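Accompanying notes for the structure given below.
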Amino acid sequence: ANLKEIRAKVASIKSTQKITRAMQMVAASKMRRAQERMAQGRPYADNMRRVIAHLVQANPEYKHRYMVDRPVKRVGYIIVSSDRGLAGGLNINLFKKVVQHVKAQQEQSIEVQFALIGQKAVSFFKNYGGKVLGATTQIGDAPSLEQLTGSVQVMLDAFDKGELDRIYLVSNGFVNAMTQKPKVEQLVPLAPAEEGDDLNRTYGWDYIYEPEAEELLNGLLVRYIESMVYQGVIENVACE
Amino acid sequence: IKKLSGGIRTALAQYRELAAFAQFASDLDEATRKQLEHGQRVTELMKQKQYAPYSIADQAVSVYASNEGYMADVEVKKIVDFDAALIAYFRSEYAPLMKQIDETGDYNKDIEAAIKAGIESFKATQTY
Amino acid sequence: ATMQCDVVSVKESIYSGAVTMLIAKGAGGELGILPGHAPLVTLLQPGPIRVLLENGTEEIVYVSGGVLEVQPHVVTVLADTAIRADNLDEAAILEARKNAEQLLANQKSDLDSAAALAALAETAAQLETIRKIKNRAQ
Amino acid sequence: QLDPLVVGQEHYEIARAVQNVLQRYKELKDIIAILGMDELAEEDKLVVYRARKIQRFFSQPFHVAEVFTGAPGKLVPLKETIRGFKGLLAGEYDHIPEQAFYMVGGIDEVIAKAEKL
Amino acid sequence: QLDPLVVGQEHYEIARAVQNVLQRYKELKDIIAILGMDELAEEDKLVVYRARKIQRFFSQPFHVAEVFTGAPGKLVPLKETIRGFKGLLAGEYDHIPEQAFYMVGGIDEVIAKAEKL
């Protein structure tokens, strides 16, 4: 029978369930706190989009590479995930979808290059092998601008040499407080999206630039894509 | 005793409800943190030695001091020493009030004002 | 007249107020701001930004590089890293935030491990020796 | 009779492997139940699927049970049983759904039922 | 018999503090096995050395036994043990190597060992 140990085991299970629900409250509090950073990433992108829209409208003579498309033979991927486990089926379903995507790409006789963020992702990607271009770990609650330069830097310096053509991103879609849908969108082959603005309200004047506009423009694109990576990372943290 | 027991009752209840939150103490909200601190302080206040038959005067003084947050600043480790020193100082200095309380057990505005004034005095004159 | 001075960074916008005088240090060097100026964009050297309000009160913010944008109706300066430049250096201030982040990460990892890995395994350790003996009569 | 001197080496190894897999799945059941299934190791997922298919494959329609179910009975020689279990433990049928292993005869009937599905 | 009135207040304080330090040593092993000492820097390591010497200090050679010692007396009074534990808790012997605490009776003996090595 061992009845005494039955009451002891019941008490232990009750205590562990209580601490489990307490950890649930802590996770909810962290989720809310992270959700509070959902709004501040957009104004930077808005201003950057406005200024480059004016820049291309005023000087529509040089078609730069970062918003043009050429025949595709190589692509790049970016993965952001968790540093530990017990985060639900988020990372594993995300990786199932991305492996389906790359398998679909494989039939076109094109391979992939990628560098990721997360211990689980490096572990599971090394458990099956592939081509990696960097690694990161131990980011925690607060990612920084400096902590997330390596991945975007390697993507940029790989694309600028013509090795790569298009770069996607892989994250989780925080549809609302308790939903999730994975997403995949391009970053580097910047396609014209919502570019009809600033046309009807065009300005007959133009800004003056002490240097040539090229360095300013490509610095602006760099600003845009670091905002992309920052927004994706914080959105994934909030969803996770 | 009847009019002062409710504070310790609710304090112990709220401390027992959230006893599992005493392992983080890092990012919990302000109300929960204050409740945890007060629960720890009151549960350390109930510490009692042996062969120390407290009367009702010192019990009332200690309970009233704990109720109004007049012992919050005291470190949890030295709560027993602070309580004992406060009781001893009150016994040495404020004897007539103790005799009146022990004899009748009545409550009044005057008694509460005198007890609070004595606690405010002890906050500075005597060091534990 | 004054002019709303919007400062924005990738992480956060720390100041946005109406100011009158803005002295900036671009690629050429130091250059001030007056109303009605021709709009322009200019790379800013890794130094601080100095402004004086209408009453003369000064606001000092650090920028470690960025492109300027000033025009008579709107003023906005974008910075990769920016914070109030009470000194010529900010490492001694940012190290406190670094310590806070590292400590929070370490404590969170410890809490997660202790709460989950030990407790759930301990609960799941022994359950079948009782289920297998439910119908026993001894 | 279950010793290698009486029934041969292959039979003994097949039986021992089957029993080991079943025991491992029975061990994993509790942590699968109270917690999720994602946190398991990949080998544990393979063990779970193989064990479920194994306990599916041990069912058989009888001749004297035709009144209860209405299906004709089947008789299986032990050579086909050993073949099927060795193939199952090897991993050749890791893509077959576990519904195709229910109330059949040999592994050929399993293949036919899976294809018809 | 650990009443502070009869055993002595210092005895009570030292015993309780030593037991709590040993408990702190006991809890650290699981966290070390999970994460390591990356978290534990400037904290919980001092407890590690202190409880290491505390555990080694309980060792004592035995008079009747002759296989591992030459019948040493080692019948030190209580006062020696309490004084040594108080000194070790305070931290004067914190810098002393932990491996000099094995098979030692008194503080003078471990001091002689430490100056010997």
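Letters A, B, ... go to the chains of the structure tokens in the order shown; residues in each chain start at 1; ligands are counted from 1 in the same order.
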
task = Check every residue of chain C for an atom within 10 Å of chain A, counting only C-alpha atoms, and provide those that qualify as a PyMOL selection string.
result = chain C and resi 8-13+26-28+38-43+66-67+69-71+76+78-81+98+101-102+104-106+108-109+111-113+115-117+119-120+122-124+126-127+129-130+133-134+136-138

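For chain D and chain E, which have identical sequences, superposing all Cα atoms of the second on the first gives an RMSD of 1.4 Å.
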
task = Identify, with DSSP run on backbone atoms, the residues in stretch 65-159 of chain A assigned to helix (DSSP H, G or I), and express the list as a ChimeraX atom specification.
result = /A:65-67,90-106,119-126,150-159

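Nearest-residue note for chain C: choosing from D:34, D:76, D:54, D:67, the minimum distance belongs to D:34, counting only C-alpha atoms.
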
Can you write out as CSV which residues of chain B fall within 12 Å of chain E, alongside each residue's closest atom pair and its distance in Å to one decimal, counting only C-alpha atoms and ordering rows by chain and ascending residue number?
residue,atom,partner,partner_atom,distance
B:49,CA,E:4,CA,11.1
B:50,CA,E:5,CA,10.4
B:51,CA,E:5,CA,11.8

I need the chosen residues saved as an mmCIF file, in the first residue's frame, with C-alpha atoms.
data_model
loop_
_atom_site.group_PDB
_atom_site.id
_atom_site.type_symbol
_atom_site.label_atom_id
_atom_site.label_comp_id
_atom_site.auth_asym_id
_atom_site.auth_seq_id
_atom_site.Cartn_x
_atom_site.Cartn_y
_atom_site.Cartn_z
ATOM 1 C CA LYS B 49 11.174 31.943 23.176
ATOM 2 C CA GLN B 50 10.465 29.459 25.979
ATOM 3 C CA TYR B 51 9.334 30.383 29.494
#

request  = Pick out the residues sitting within 12 Å of residue D:24, and hand them over as a list in words; count only C-alpha atoms, and ignore anything fewer than 3 positions along from it in its own chain.
outcome  =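 Counting only C-alpha atoms, the residues come to residues 17, 18, 19, 20, 21, 27, 28, 29, 30, 43, 44, 45, 46, 47, 48, 49, 50, 51 and 52 of chain D.
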
Go ahead and write the residues just picked, C-alpha atoms, as a PDB file, in the first residue's frame.
ATOM      1  CA  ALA D  17      14.247  -6.618 -29.198  1.00  0.00           C
ATOM      2  CA  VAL D  18      10.438  -6.457 -29.285  1.00  0.00           C
ATOM      3  CA  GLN D  19      10.189  -6.774 -25.504  1.00  0.00           C
ATOM      4  CA  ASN D  20      12.891  -4.131 -25.001  1.00  0.00           C
ATOM      5  CA  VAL D  21      11.082  -1.631 -27.242  1.00  0.00           C
ATOM      6  CA  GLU D  27       8.749   3.746 -19.296  1.00  0.00           C
ATOM      7  CA  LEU D  28       8.350   6.891 -21.412  1.00  0.00           C
ATOM      8  CA  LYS D  29       4.540   6.964 -21.070  1.00  0.00           C
ATOM      9  CA  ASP D  30       4.417   9.034 -17.867  1.00  0.00           C
ATOM     10  CA  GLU D  43      15.041   8.437 -30.498  1.00  0.00           C
ATOM     11  CA  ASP D  44      12.195   8.518 -27.970  1.00  0.00           C
ATOM     12  CA  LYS D  45       9.736   9.636 -30.662  1.00  0.00           C
ATOM     13  CA  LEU D  46      10.928   6.816 -32.919  1.00  0.00           C
ATOM     14  CA  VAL D  47      10.538   4.364 -30.027  1.00  0.00           C
ATOM     15  CA  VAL D  48       6.995   5.593 -29.348  1.00  0.00           C
ATOM     16  CA  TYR D  49       5.918   5.228 -32.977  1.00  0.00           C
ATOM     17  CA  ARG D  50       7.556   1.809 -33.343  1.00  0.00           C
ATOM     18  CA  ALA D  51       5.990   0.528 -30.117  1.00  0.00           C
ATOM     19  CA  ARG D  52       2.523   1.725 -31.124  1.00  0.00           C
TER      20      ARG D  52
END

query = What is the distance, in Å and to one decimal place, between atom CA of residue A:239 and atom CA of residue E:31?
reply =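 Spanning atom CA of residue A:239 to atom CA of residue E:31 is a straight-line distance of 28.4 Å.
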